[PDB]
There are 4 protein chains.
Amino acid sequence: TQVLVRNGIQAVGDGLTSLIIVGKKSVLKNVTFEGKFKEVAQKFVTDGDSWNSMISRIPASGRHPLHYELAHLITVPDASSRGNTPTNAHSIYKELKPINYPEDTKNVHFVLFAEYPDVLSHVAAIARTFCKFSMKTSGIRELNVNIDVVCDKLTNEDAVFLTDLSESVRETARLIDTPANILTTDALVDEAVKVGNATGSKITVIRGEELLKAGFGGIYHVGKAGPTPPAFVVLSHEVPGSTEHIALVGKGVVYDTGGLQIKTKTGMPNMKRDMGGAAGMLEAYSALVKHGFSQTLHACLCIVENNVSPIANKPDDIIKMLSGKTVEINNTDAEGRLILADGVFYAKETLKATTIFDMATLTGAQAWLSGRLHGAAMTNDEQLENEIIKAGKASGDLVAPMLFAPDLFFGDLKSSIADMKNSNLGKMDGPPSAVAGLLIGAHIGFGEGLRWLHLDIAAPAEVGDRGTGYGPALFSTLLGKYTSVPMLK
Amino acid sequence: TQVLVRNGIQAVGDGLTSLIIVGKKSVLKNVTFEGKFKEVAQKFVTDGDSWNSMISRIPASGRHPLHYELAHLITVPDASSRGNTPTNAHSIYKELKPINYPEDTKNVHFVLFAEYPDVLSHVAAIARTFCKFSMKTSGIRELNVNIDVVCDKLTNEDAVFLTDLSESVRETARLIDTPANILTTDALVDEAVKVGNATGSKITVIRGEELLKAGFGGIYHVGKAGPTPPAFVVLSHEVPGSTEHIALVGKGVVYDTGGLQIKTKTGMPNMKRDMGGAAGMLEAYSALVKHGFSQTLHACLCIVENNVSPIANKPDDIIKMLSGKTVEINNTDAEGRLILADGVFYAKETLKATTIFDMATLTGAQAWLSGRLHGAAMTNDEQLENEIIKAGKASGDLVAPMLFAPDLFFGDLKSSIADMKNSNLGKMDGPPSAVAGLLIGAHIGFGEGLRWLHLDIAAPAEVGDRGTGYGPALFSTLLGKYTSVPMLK
Amino acid sequence: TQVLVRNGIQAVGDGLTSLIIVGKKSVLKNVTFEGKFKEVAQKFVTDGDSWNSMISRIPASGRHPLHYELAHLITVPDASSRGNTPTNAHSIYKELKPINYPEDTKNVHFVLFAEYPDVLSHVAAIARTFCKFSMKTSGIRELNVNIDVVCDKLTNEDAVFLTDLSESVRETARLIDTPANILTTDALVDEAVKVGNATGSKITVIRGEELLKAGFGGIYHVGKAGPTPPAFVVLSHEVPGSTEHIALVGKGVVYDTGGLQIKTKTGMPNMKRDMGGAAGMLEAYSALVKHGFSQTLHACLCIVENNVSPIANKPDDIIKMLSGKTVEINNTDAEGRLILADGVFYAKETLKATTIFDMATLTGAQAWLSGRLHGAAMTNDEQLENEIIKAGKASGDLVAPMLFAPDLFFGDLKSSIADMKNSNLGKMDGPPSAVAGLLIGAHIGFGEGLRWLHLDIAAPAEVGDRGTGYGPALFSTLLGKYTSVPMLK
Amino acid sequence: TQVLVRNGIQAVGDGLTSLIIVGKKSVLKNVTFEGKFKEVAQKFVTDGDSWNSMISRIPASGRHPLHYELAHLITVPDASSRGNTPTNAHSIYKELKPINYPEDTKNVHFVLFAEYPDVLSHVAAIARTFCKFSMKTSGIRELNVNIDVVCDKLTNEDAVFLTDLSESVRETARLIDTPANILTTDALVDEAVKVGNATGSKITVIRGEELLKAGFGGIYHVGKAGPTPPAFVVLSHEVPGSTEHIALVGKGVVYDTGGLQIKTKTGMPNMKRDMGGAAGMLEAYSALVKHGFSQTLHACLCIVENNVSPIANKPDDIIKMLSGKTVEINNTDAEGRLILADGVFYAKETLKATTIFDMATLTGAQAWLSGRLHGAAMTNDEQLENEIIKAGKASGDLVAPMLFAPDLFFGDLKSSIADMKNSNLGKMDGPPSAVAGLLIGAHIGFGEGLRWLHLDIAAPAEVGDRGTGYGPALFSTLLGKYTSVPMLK
Ligand code: NA
Ligand code: NA
Ligand code: NA
Ligand code: NA
Ligand code: NA
Ligand code: NA
Ligand code: NA
Ligand code: NA
Ligand code: NA
Ligand code: NA
Ligand code: NA
Ligand code: NA
């Protein structure tokens, strides 16, 4: 299935077409049934009077069929709470995701009526619903999707960006949805390298025993018992004399069994999704670099499978991290933070990054802090905390803040015989998701001298059985000021 | 044990004395061993040279004995993270709480060297360690405690307030520590009424069958299976023509067995502490009204015991709340929010309050959102959120924010046959502590037209086996601008 | 069913008879098939040659049928380990308990060939298998049982005692087997009072609110939520000028639901058996007093039902015990030790007992210390420990020692606000069964100045669905030197 | 850190010194502040009057600071219960273990005032607190420790022994504290062989496939799925014509995952400590052989890692042990007893040992039998049981007895298709720790014809996060009569 975003309603190809019209209630109320819109909608909506009659009847929000199988109107609510995004983009996903198209549909045409601040999140929300990945052996259909945005301020360049963003989102989700017997560590390295090639990036791959020799103790010891070897992948977009030097570090655990402290029967399904941070960072980097990204930018992907064998990490093991610090592993199901500790230290010490983001599906505890729609962000920089919250609202990739208090909470990871433990298995003073973040931060002085932000996306990275493709939209809006894209400025 | 706070070092009575000196490292470094301080300290510290030598040796923070049994120096750290209070008052508690005084000690003299912004939190932290409640049948000692604050800006009026604050804190903790076979609903009503009498308040007490008749369905049906009857207590401090009308609503569950959905063997000890919100609000109200509180203020205490009998609430029961809305009870261990729903509705509709705080020990989930030191605050008013966080830092009663999003999260409480359920027993989109708060808020339109703040203090209300007395310090600093107290302005 | 023990083989009444022959292998090898034995056995065993042939063939131990339905030989092993009784009496129970008698059997004749040191335990083991209690509404048969002991040293007076012992054993078991809807606290008081009347004892009964007024806080507060009231029953056998003053304190929890810390679905069946200590002490007292007991002896029965209501003990409650000491109840399923604390204090302070035994079915932990056949004894007196172990071997009511170390283990029950907790819900330094015993002992200074022995019989009090009647045999052999019975001297 | 024990107070080197004075209250009361003691203590204690004043004030027991950071007095209680050791040596550990020394301390000087029967346990208790093992990457300090014993009867030869005992204890603990990714089976073989070399022992190492070929089915099949191979190590100290032939068999499970019946998330941390028996036996053997051990003595170390792979033991597997008997493995987490069964059989049949001790960290059930301070000893020899209990009191390595009853309890291990099962997964008649011991004993006829003692030290081998170094002190005092050491005679 191909997805193209266009600036303005246009005709779609020949072939059975499904029409979905999307807009906030107040916007739809001001739409005139005339011109190109009439031409597209008249197949399903009789005339202007019947249009206005229907718009009057329909509630503040919802989904309404315009045909027995080929058409729908999605009404997005106007009102929103302060903790939500005023775009209400999740409402689009909620109403659209259940929609199926008849077997013989060739095209899906979306007519999106949106004010400029809503367009990006609305387009992303639609894109998320075209799930690339399936291994069904019948019924597979490829569709031609046109998302036609009706917005005065929108430019043709904005539409190119939105098409690229739609791809980045669908690619993140595809990588997440792919089972780990297919997306092995080797396969995810290959996916990253493909983006590396396409972006003209400087590519570094440190694999298997090379990780051990170079001192990546976290990445190596976590992944050493995988069926394919651990890897650290760096894609670098180096801009001589740039004022910023930004690293996007992603957790790429292609599967987590929990290790020797094994996950339960019901807790181990879905653990293919534990590479969602890596996938999100990779595809964010791709979307930004496609659009004239003016600063130095690195994607740093820590790629392992955490599995079970006589050579695996055992609780009690002490390893030496890239930082030179030692970690007592008391929890093999808390391994993601170990590989990220090496990734973030590399970003600081080797790449000389001064803004370091790490994004990961870490803890089930994250949903108890920020719920299922908001990523949980912990940062040493208050201004960056506010900026990423703002970016979450603008993108629809929602972000809520975590307490930053290493002085109060890092004691939860005290060890008698190593510099720290990787986890606390009992009662702790910090929120567990914060404590997980602090393990990572302990290896770069909790961000001292620079800006460090840790982002836990365990729950918002998925809805039901499907990856959401969280990450590209957030970082596009957060870092979009460094691109050529009008709507991101 | 009596606790007096004084403005300046003074002599203490005759009798064996234990000396504890407290200060931040940078403050202690500038203390001259001379004058009244020398007079007090020279019992234990030889001269000025030995003083300075010791201060040089001792680390950034800690506790150091000045005698084999009668004396200690507590060093408070200067540095603090952004998520912590810059007072670092919890460090005082941590170092002081373990200290025991010899059996024959008559006096405990504290010399507190503190800058003005630190004084209140530091004094509170010391007060917390003088636990009133004990039923030991030997070894009980009453001590005369003098907390002598050395601070230039401190006034004599400030010291009166700080003595009253110390009492409010120790009283909150006493009520929390008292077992529920002693502090029954009747006993807690009596305690509230005593404060009501002393404050010259207008006192309302609605009890037992009177609650049912008046339509308090939450308070009544939760508490109807207690060994003593449920009660709603209002203390009102009415100031004609005041611009603010503030209600402090407190959860006063004197014991929670969990109800018919009974708590576990290990989960039911400590449930005497489920009235910590009521105790904290009562003692905050007392401290404020003692100091010329210039606005209309109400304490609203919802006082029940949640126990097990054939007449208790059962999951599936539907009751009608004071609001007129119906609630399907699917969780009898989520009963605190029911009584608070009536309390907050009463505050809005009967008391005409325009600022409504509710404070409660609600969920174990709160610790997973904000950790064990920070209360979790959910409010419809962003400015109030910032103000209470600031008050948390100033008071040492730390506060962290919860997401406010009824649109995203209230759906977690959907019911097919009542207006809402009281809880969600599976997977929900909101943080569980937020969802608990939203149950309460649903009965006043989530604060619409006014300011509503819900504060979950489950974990910060206690450390180990002892109540902390959380609440009075927070509200003193938050609402202290309406008092006559110089340090609160 | 009636059970008579006779000194020598005699004829039994007319009516269908079942014959069971019992002996150690070495004893049976020396039995001549002649005389009264021939007369009894020749119904089933052809002649002396066929007897000797069979005895040659049969292994070291087991059960062998002598008829298709009416007759068996039980061979008891000669060898035994040092931790077992050399009587090997449990082997008799093991082989005999499964035996059923045809519906129309009128008599059961046992010929027991036993050396003098084996007789008591062997007779008790046989008696245990005649279970008094049944509420089956068909098939109930009353049998005439004659246990004919063949032992040179046995006297006619010994046979009277053994008949009384058989009754005491069967009575203990009957009381244990009776469901608690029948054997209520009132019913068990009545049973105790009946023994009191028959023994010519001085009877004291303190019940219901009288317990509270007299300060029995343990007995009262544990039992106050029962459907029938708590009671303390004392039967006293006072011998002016006796050198010993002995109290037998028994735990008579007629049913334990666990209280508010309720027992599990699978853990609550069998809790009618939690009065086995009371039943055992009552029936031991009866057997001793029937035979000219020369010392002052008291049975002290603490009789409660531990159930669930709004007035029940809650974890966190603090109560004042008869001793005047306070106990913080953190575990309502650890209630038996509370009532025993009052019983033992009463025995010391009111009865002036100088030897105090308490016997109780306390913890499931007891089986992890001493297994399922041995009671676990904790005592301040080493000589008494050895003596009761010796008595266990002689009686077949096996006893193993527990560590006695209040200095090392009593800290497991530390409380911040009462003199002690009743239990420790986590990790403790002592064996849990020892710690349970120490709760009781803490109220009499752990036996200081006297002899105190605590005996936990949780597992040996029952096999499968039936009470064993543990207790009477142990105390008969332990204290039998004070009776007129030749075999007990 | 080096530890030297000296006979008498002497000067310590130049460098910042920490002073700790240790004694029972009654001993300290008779200490004169004069001479060498005055010289050492005067830095911290003013004069003799101030000394005596302090000793008067201080309670029966405790720890009292003599300086703000450099000095402490530890008072040991005089009184002890019969189940405790009258040395009260655990009180020293309890008070001393929390003590930290300033970063720049060079020396720690201990002045131990102890009567002769207390010296060994007191010295050991101090030694235990100098934990060798740490992988912290900052803050590591090596100290010079002098334990100066003040005891009239003490000889210079006794002080050499006590220095060697301190080393044996600290070495046991070091081996225990070392994570299993470092102390592999190969590493522990190497450690054993080093002791072998130093002691001039005859050394046998049977490794990997050699174990299978030689018929060590227990050792081989348990360890075959380790990342490094299983091993059996024998160190032999052969004394021609000795009357005793003693084997010390130790369980050296370098890590236990539980095997295919895997341990839980919270139950698997600490399982590096499952080689505590091997470490204790090795270091006991070292201390004895260093001091002219006059009998034939063997250390037999069974060294495996129990891990998870397709070739691991599975429940249901039947293996053939060194004894020739078959064992049905129904519990892969009960593997330690399998390797010990081969060790003890080897000791009997190959080494011709007539006194066989096995020591192991076996079951969590051990703490429910004997608590956390006492090893649980099960032996066929009553005299040896009494002797080891006595040795436990004399050494401070406490020992409590387990029931010995193979006739009553071995039936818990009945199998239909092998000679026995290795465990019982349900209800059993024996204490589980006894039943575990009986598995081992079943392979040498439960000790028939010789003396066999099984010692379960699961809990006393550790306190908190640290190995105690249990074993060397016990066996020094038990077998010390065969050495040249005056204090052991
Ligand atoms: Na199809
Ligand atoms: Na994980
Ligand atoms: Na993971
Ligand atoms: Na006292
Ligand atoms: Na509750
Ligand atoms: Na509650
Ligand atoms: Na019948
Ligand atoms: Na119980
Ligand atoms: Na009980
Ligand atoms: Na350092
Ligand atoms: Na094991
Ligand atoms: Na093991």
# chains A, B, ... in the order shown; residues from 1 in each chain; ligands from 1
>>> residues_around(residues="residue 167 in chain C", least_positions_apart="6", cutoff="9 Å", atoms="only C-alpha atoms", output="list in words")
residues 2, 3, 127, 283 and 287 of chain C
>>> residues_near_ligand(ligand="ligand 6", cutoff="9 Å", atoms="only C-alpha atoms and all ligand atoms", output="VMD selection string")
chain B and resid 251 to 258 271 273 to 275 306 333 to 337 360 to 363
>>> write_last_selection(atoms="C-alpha atoms", output="short mmCIF file (atom, residue, chain, number, x, y, z; two decimals), in the first residue's frame")
data_model
loop_
_atom_site.label_atom_id
_atom_site.label_comp_id
_atom_site.auth_asym_id
_atom_site.auth_seq_id
_atom_site.Cartn_x
_atom_site.Cartn_y
_atom_site.Cartn_z
CA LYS B 251 -10.18 11.21 53.33
CA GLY B 252 -10.75 9.87 56.85
CA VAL B 253 -10.97 6.12 56.43
CA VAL B 254 -10.08 5.08 59.98
CA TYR B 255 -9.50 1.54 58.73
CA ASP B 256 -9.77 -0.09 55.32
CA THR B 257 -10.10 -3.92 55.26
CA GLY B 258 -10.69 -3.54 51.51
CA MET B 271 -4.50 0.37 56.89
CA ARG B 273 -3.15 5.02 58.03
CA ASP B 274 -5.95 5.47 55.48
CA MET B 275 -7.23 8.52 57.40
CA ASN B 306 -14.62 0.16 55.50
CA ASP B 333 -11.14 -1.54 47.90
CA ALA B 334 -11.62 1.64 45.85
CA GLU B 335 -13.97 3.20 48.44
CA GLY B 336 -12.00 6.27 49.49
CA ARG B 337 -12.72 8.01 46.23
CA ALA B 360 -6.16 11.39 50.51
CA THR B 361 -4.07 8.26 50.85
CA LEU B 362 -5.60 6.53 47.82
CA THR B 363 -3.67 4.16 45.71
#
>>> residues_near_ligand(ligand="ligand 1", cutoff="8 Å", atoms="only C-alpha atoms and all ligand atoms", output="PyMOL selection string")
chain A and resi 103+138-140
>>> write_last_selection(atoms="N, CA, C and O atoms", output="short mmCIF file (atom, residue, chain, number, x, y, z; two decimals), in the first residue's frame")
data_model
loop_
_atom_site.label_atom_id
_atom_site.label_comp_id
_atom_site.auth_asym_id
_atom_site.auth_seq_id
_atom_site.Cartn_x
_atom_site.Cartn_y
_atom_site.Cartn_z
N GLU A 103 -12.85 -6.00 -0.36
CA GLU A 103 -11.76 -6.77 -0.95
C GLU A 103 -11.25 -6.16 -2.28
O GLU A 103 -10.05 -6.15 -2.53
N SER A 138 -3.95 -15.38 2.47
CA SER A 138 -5.00 -14.93 1.56
C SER A 138 -5.48 -13.54 1.95
O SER A 138 -5.27 -13.08 3.09
N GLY A 139 -6.13 -12.86 1.01
CA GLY A 139 -6.81 -11.62 1.33
C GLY A 139 -5.95 -10.37 1.33
O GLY A 139 -6.44 -9.29 1.66
N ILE A 140 -4.67 -10.50 0.97
CA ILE A 140 -3.76 -9.34 1.00
C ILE A 140 -4.07 -8.40 -0.17
O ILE A 140 -4.08 -8.82 -1.32
#
>>> atom_distance(atom1="CA of residue 265 in chain B", atom2="CA of residue 368 in chain D")
19.6 Å
>>> interface_residues(of="chain B", to="chain D", cutoff="8 Å", atoms="only C-alpha atoms", output="number ranges by chain")
B: 54, 64-69
>>> write_last_selection(atoms="N, CA and C atoms", output="CSV table (one decimal), in the first residue's frame")
chain,number,residue,atom,x,y,z
B,54,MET,N,36.9,19.8,62.7
B,54,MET,CA,35.9,18.8,62.5
B,54,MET,C,35.0,19.1,61.2
B,64,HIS,N,27.1,13.1,62.7
B,64,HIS,CA,28.4,12.8,63.4
B,64,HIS,C,28.2,13.0,64.9
B,65,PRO,N,28.5,12.0,65.7
B,65,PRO,CA,28.4,12.0,67.1
B,65,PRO,C,29.4,13.0,67.8
B,66,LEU,N,28.9,13.7,68.8
B,66,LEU,CA,29.8,14.7,69.5
B,66,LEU,C,30.1,14.2,70.9
B,67,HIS,N,29.6,13.0,71.2
B,67,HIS,CA,29.7,12.5,72.5
B,67,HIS,C,29.3,11.0,72.4
B,68,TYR,N,29.6,10.2,73.4
B,68,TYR,CA,29.2,8.8,73.3
B,68,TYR,C,27.7,8.5,73.3
B,69,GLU,N,26.9,9.4,73.8
B,69,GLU,CA,25.5,9.2,73.8
B,69,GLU,C,24.6,10.5,73.7
>>> residues_around(residues="residue 444 in chain D", least_positions_apart="3", cutoff="9 Å", atoms="only C-alpha atoms", output="list in words")
residues 323, 341, 344, 345, 348, 349, 440, 441, 447, 448 and 452 of chain D
>>> residues_around(residues="residue 346 in chain C", least_positions_apart="3", cutoff="10 Å", atoms="only C-alpha atoms", output="NGL selection string")
:C and (216 or 234 or 247 or 249 or 300 or 322-323 or 340-343 or 349-353 or 444)
>>> atom_distance(atom1="CA of residue 200 in chain B", atom2="CA of residue 159 in chain B")
22.7 Å
>>> residues_around(residues="residue 221 in chain C", least_positions_apart="3", cutoff="10 Å", atoms="only C-alpha atoms", output="compact mmCIF listing (two decimals) with C-alpha atoms, in the first residue's frame")
# COMPACT_ATOMS: atom_id res chain seq x y z
CA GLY C 208 -17.81 -13.50 77.24
CA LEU C 211 -13.11 -12.09 80.21
CA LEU C 212 -12.82 -8.44 79.15
CA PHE C 216 -8.04 -11.45 79.54
CA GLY C 217 -7.40 -9.26 76.47
CA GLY C 218 -5.97 -12.08 74.36
CA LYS C 224 -15.27 -11.57 70.50
CA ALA C 225 -16.37 -11.97 66.86
CA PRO C 230 -15.05 -16.79 74.20
CA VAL C 304 -12.57 -19.10 71.23
CA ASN C 306 -11.76 -16.71 65.42
CA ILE C 311 -15.93 -5.95 65.59
CA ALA C 312 -13.15 -8.51 64.95
CA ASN C 313 -9.43 -7.84 65.54
CA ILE C 319 -4.58 -4.86 72.80
CA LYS C 320 -3.61 -5.25 76.44
CA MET C 321 -3.00 -8.87 77.53
CA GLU C 335 -4.34 -15.53 67.16
CA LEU C 338 -2.50 -14.55 71.91
CA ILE C 339 -5.04 -16.64 73.85
>>> residues_around(residues="range 32-37 of chain A", least_positions_apart="4", cutoff="7 Å", atoms="only C-alpha atoms", output="number ranges by chain")
A: 9, 41, 48
>>> residues_around(residues="residue 261 in chain B", least_positions_apart="4", cutoff="8 Å", atoms="only C-alpha atoms", output="ChimeraX atom specification")
/B:314-315,331-333
>>> write_last_selection(atoms="N, CA and C atoms", output="compact mmCIF listing (two decimals), in the first residue's frame")
# COMPACT_ATOMS: atom_id res chain seq x y z
N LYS B 314 -21.02 -4.49 48.00
CA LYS B 314 -20.59 -5.68 47.26
C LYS B 314 -20.24 -5.16 45.87
N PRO B 315 -19.23 -5.77 45.21
CA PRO B 315 -19.02 -5.38 43.81
C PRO B 315 -20.24 -5.74 42.99
N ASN B 331 -15.34 -2.40 42.75
CA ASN B 331 -14.15 -2.56 43.57
C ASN B 331 -14.37 -1.93 44.95
N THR B 332 -14.60 -2.76 45.97
CA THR B 332 -14.85 -2.24 47.31
C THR B 332 -13.58 -1.72 47.99
N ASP B 333 -12.42 -2.11 47.48
CA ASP B 333 -11.14 -1.54 47.90
C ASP B 333 -10.82 -0.21 47.19
>>> atom_distance(atom1="CA of residue 366 in chain B", atom2="CA of residue 454 in chain B")
12.1 Å
>>> select_by_dssp(residues="range 73-177 of chain C", states="strand (DSSP E or B)", output="number ranges by chain")
C: 73-76, 107-113, 144-150
>>> select_by_dssp(residues="range 29-189 of chain A", states="helix (DSSP H, G or I)", output="count of residues only")
65
